[PDB]
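Structure in structure tokens, see below.
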Amino acid sequence: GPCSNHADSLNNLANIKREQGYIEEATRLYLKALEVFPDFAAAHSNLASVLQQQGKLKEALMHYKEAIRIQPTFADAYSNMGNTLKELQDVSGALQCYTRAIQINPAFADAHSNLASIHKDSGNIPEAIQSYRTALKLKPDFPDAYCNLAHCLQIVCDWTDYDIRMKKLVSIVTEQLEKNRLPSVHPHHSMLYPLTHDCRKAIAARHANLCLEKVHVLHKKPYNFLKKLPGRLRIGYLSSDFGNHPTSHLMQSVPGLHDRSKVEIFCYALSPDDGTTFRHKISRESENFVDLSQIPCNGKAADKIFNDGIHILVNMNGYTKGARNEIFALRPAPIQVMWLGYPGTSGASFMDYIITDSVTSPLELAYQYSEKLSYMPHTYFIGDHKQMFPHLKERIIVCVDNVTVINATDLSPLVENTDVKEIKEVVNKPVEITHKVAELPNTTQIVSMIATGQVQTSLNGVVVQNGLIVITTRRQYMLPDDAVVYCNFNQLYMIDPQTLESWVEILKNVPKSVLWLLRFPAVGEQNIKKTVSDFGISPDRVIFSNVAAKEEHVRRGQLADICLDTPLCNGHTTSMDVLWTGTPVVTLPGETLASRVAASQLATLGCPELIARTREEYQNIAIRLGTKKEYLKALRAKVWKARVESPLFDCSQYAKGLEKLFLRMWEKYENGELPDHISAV
Ligand SMILES: CC(=O)N[C@@H]1[C@@H](O)[C@H](O)[C@@H](CO)S[C@@H]1OP(=O)(O)OP(=O)(O)OC[C@H]1O[C@@H](n2ccc(=O)[nH]c2=O)[C@H](O)[C@@H]1O
């Protein structure tokens, strides 16, 4: 009998200890309750969710099942089990638990919201939006549901009630911070919403504390460090993105370009081999390659790092998918650094330095960051473009440089069998520009090939491949030949109403102008048309193309006249892609790091004239460029020149800069010095 009443005392006592934040005590008391009365549903469930908090996901799962066995109609256990299964990468099982909770109780708001998260994670946004809507009809005061729904509406550019939604988001966060709860907005989404910098940093810090808490359970002693060095710094780059991922498209040449007499490089991969060349290249080029995806336990993973005797541990993930920040919370290296992958602060006590530059992160804005700033000599950004897209080093015009374009790794066959020549043109300053022009006055078979959807054609015995030796033409993407094409190739979530208003503003003032965007995702296309229409411009003047493979994408950009950056959150990589083809990008920097990346890139490129200071200047710079043919020609030439002359795409300069920064970090450590802001130059 009760007995079951004794089990009640302990369960509630464990509950009390859990409210106060004594997680170990609670666990022990829930265990004691189950030793006393094993068939106790509520206690299995409570123990499971405490076990889930501590990162013991496998054990939690065992006790949720015991709860559900004893009480089959325990909808709440099904729901939390679904979350544990989610965290364990088992999207399939999570889906069934949430389904089951809804079958038990169709009015269970959380289960609808949890389900919606699955849909959102899998890129199924319309379905996620229904489920979040459902959750909010059943429970209107549901911060988690509301903030995730808000994020889905960003992804799809649904801006209905935008201004009140943004304020409601800000209310919920500030409220949550004051009540000392973990907020409903993810630190990585932070940069989209009008939160104060202090707010964004607090969200970040709370995620960092989560990492410390999860890790406190291991009861490890702090690592003890080597204090003096006599030759080589051991640097460890830790990332889940070594493979086919934008991060490797930026940095893959860097490990192999490091001066091996100064530093020994270790690349720690957090994800499995995906068999791609990018993973192979980083594997070969890097002096040391370790795969930590084979070491699931964060405790052991930290140990391996400590055992490799690493001085500087570099976080390339921050709060992004695949991160294992618990490793950094264990402090397996005396100095720990954020670099490249996450455009924001960690807010973590266990991160010392962030790698940036003076444009991206001016000292005036240092309070944004928990980390001490460390300045690269020029921009903190890089790209492997010089190595990945050598065929895009220059273009060959066929017959204006952006209507029909040929690119090749080897131009021999074409130059040997057609009239290709390097004309000069003078443009009013007074500048001389060189073009390579292939003239064959037979547009027919080139247009005919595109018109019929042909894979290939042959100009005078030479095989030319349809870009959809390669040919790219405005027809391929439905762009008018005489149009002035403004482009942006970012995920649509980066666009807000103020951005779009400015773009319609420039389109209204530029005679034959068109806006080129991407179905990223497809379902956003409609919303953008509707709003454009509402702003007083024909929807037909905004042309959308499909998300393309990396090569086609960078190659397409050659057809744009001018690229327009998104001031809400700049296009970090795509803007590199576009610059590589010498297409100017006009930007307006804000205050967050993610707002200022393009400015940093352009500053390094030596083109500050493309960096606006107000919305008015942004629009005016873009209007002048679509309106003054000669000025546009001169600036595209300057951008083209700068792309090979400047450090922006120079991967070896970049390695040197990292080295100086790492040396400086060590010097401070070798002396008794606390981290403080440093610079390379
Ligand atoms: C705001 C933010 O979080 N930024 C992060 C940065 O701060 C980090 O520095 C980046 C590397 O760590 S990741 C991330 O950078 P982002 O620019 O947001 O890249 P994102 O993940 O949207 O995809 C663009 C890719 O799709 C390719 N792309 C694009 C269009 C197309 O048609 N085809 C195509 O292959 C493009 O060539 C690109 O390769």
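We did not get these values from a lab; they are worked out from the coordinates using the rules stated. Using ideal geometry, Cβ is built from the backbone for each residue, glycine included, and neighbour counts are taken over all protein chains shown.
Plugging the Kirkwood radius over Cα pairs into Stokes-Einstein for the chain, at a temperature of 25 °C and a viscosity of 0.890 mPa s, what D comes out in µm²/s?
Values: Rh = 27.8 Å.
Estimated diffusion coefficient is 88 µm²/s.
Quickly rank 131-143, 155-167 as a protection proxy: mean count of other C-beta atoms within 10 Å, highest first.
Most protected by this proxy first, the peptides run 131-143, 155-167.
Going by how many other Cβ atoms sit within 10 Å of their own, how do 404, 320, 434 line up, fewest first?
The order, fewest Cβ neighbours first, is 434, 320, 404.
Does segment 73-138 come out rounded, prolate or oblate by the C-alpha gyration tensor, with a ≥ b ≥ c the root eigenvalues, rounded set by a/c under 1.5 and, if not, prolate when a/b is larger than b/c and oblate if not? All intermediate terms of the calculation are to be shown ahead of the outcome.
Working: a/c = 2.24, a/b = 1.04, b/c = 2.16.
The shape class here is oblate.
I would also like to ask the following. Which of rounded, prolate, oblate describes segment 384-482, given a ≥ b ≥ c as roots of the alpha-carbon gyration tensor eigenvalues and a/c under 1.5 marking rounded, otherwise prolate only if a/b is larger than b/c?
rounded
Among 89, 105, 134, flag the residue with its Cα farthest along the positive direction of the charge dipole of segment 1-219, charges on Cβ as +1 for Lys/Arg and -1 for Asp/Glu.
Farthest towards the positive pole: 89.
I need the shape label for segment 483-646. Rule: rounded when a/c is under 1.5, else prolate if a/b > b/c, else oblate, with a, b, c from the alpha carbon gyration tensor.
Values: a/c = 1.38, a/b = 1.29, b/c = 1.07.
Verdict is rounded for segment 483-646.
In deg cm²/dmol, rounded to 500, what helix-only [θ] at 222 nm does the chain give when every DSSP H run of at least 4 residues adds -39500 (n - 2.57) and the total is split over its residues?
Taking each H run of at least 4 residues, the total per residue is -14000 deg cm²/dmol.
Near residue 359, within a Cβ-to-Cβ distance under 15 Å, what is the net charge of the other residues, with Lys and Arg +1 and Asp and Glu -1?
Working: positive: 596, 613; negative: 357, 364, 565, 591, 609.
Here the count lands on -3.
What do you get for trypsin sites (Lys or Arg not before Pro) in segment 280-344 restricted to DSSP loop and a cutoff of at most 15 other Cβ within 10 Å of the site's Cβ?
321
For the chain, with only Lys/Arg (+1) and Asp/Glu (-1) charged at the beta-carbon, what is the dipole magnitude about the Cα centre, in debye rounded to 20?
360
Let me ask something else about it. Run the numbers for residue 179 and residue 122: contour at 0.36 nm per residue of separation, minus the present Cα-Cα distance, in nm. List each step's numbers first, then the result.
Numbers: separation 57, 0.36 × 57 = 20.52 nm, distance 3.20 nm.
Length gained, residue 179 through residue 122: 17.3 nm.
Moving on. What does the charge count near residue 419 come to, summing +1 for each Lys or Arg and -1 for each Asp or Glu among other residues with Cβ under 12 Å from its Cβ?
Cβ neighbours under 12 Å give a net charge of -1.
Of all beta bridges DSSP finds with both residues in the chain, what is the antiparallel percent, to the nearest 5?
25
Mind checking the full-extension length gain between residue 482 and residue 627? Use 0.36 nm per residue of separation minus the Cα-Cα distance, one decimal, nm. Write down the numbers at each step before the final one.
On the way: separation 145, 0.36 × 145 = 52.20 nm, distance 1.30 nm.
Stretched out fully, the residue 482 to residue 627 stretch lengthens by 50.9 nm.
Which whole-angstrom value gives the distance between the alpha carbon centres of segment 488-561 and segment 118-193?
25
I'd like to compare 260-267, 222-229, 241-248: which one has the highest average count of other Cβ atoms within 10 Å, and what's the full order after that?
241-248, 260-267, 222-229
Of 493, 98, how do they rank once you tally other Cβ atoms within 10 Å and put the fewest first?
In order of increasing Cβ crowding within 10 Å: 493, 98.
I need the trypsin sites (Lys or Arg not before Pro) found in segment 605-681, filtered to DSSP loop residues with at most 12 other beta carbons within 10 Å of theirs.
Listed in order of number, the matching sites are 613.
Determine, from the Cβ-Cβ distance of residue 530 and residue 454 and an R0 of 45 Å, the FRET efficiency 1/(1 + (r/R0)^6), rounded to the nearest 0.05.
Working: r = 36 Å, r/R0 = 0.80.
Step by step, r from the Cβ atoms, then E = 0.80.
Of the options 509, 412, 489, report the single residue whose Cα projects farthest towards the positive end of the charge dipole of the chain (beta-carbon charges: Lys, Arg +1; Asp, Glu -1).
412
Which net charge results for the neighbourhood of residue 643, defined as the other residues with beta-carbon distances under 13 angstrom from its beta-carbon, given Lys and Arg at +1 and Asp and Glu at -1?
+2
Under 17 Å Cα to Cα from residue 56, which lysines show up? Leave out anything in the same chain fewer than 8 places away.
The reachable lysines, counting only those whose Cα sits under 17 Å from residue 56, are 65, 86, 214, 220, 300.
Next up: May I ask which residue of 157, 470, 575 lies farthest towards the positive end of the charge dipole of the chain, with charges of +1 (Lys, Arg) and -1 (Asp, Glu) on Cβ and the Cα centre as origin?
Farthest along the dipole direction, towards plus: 575.
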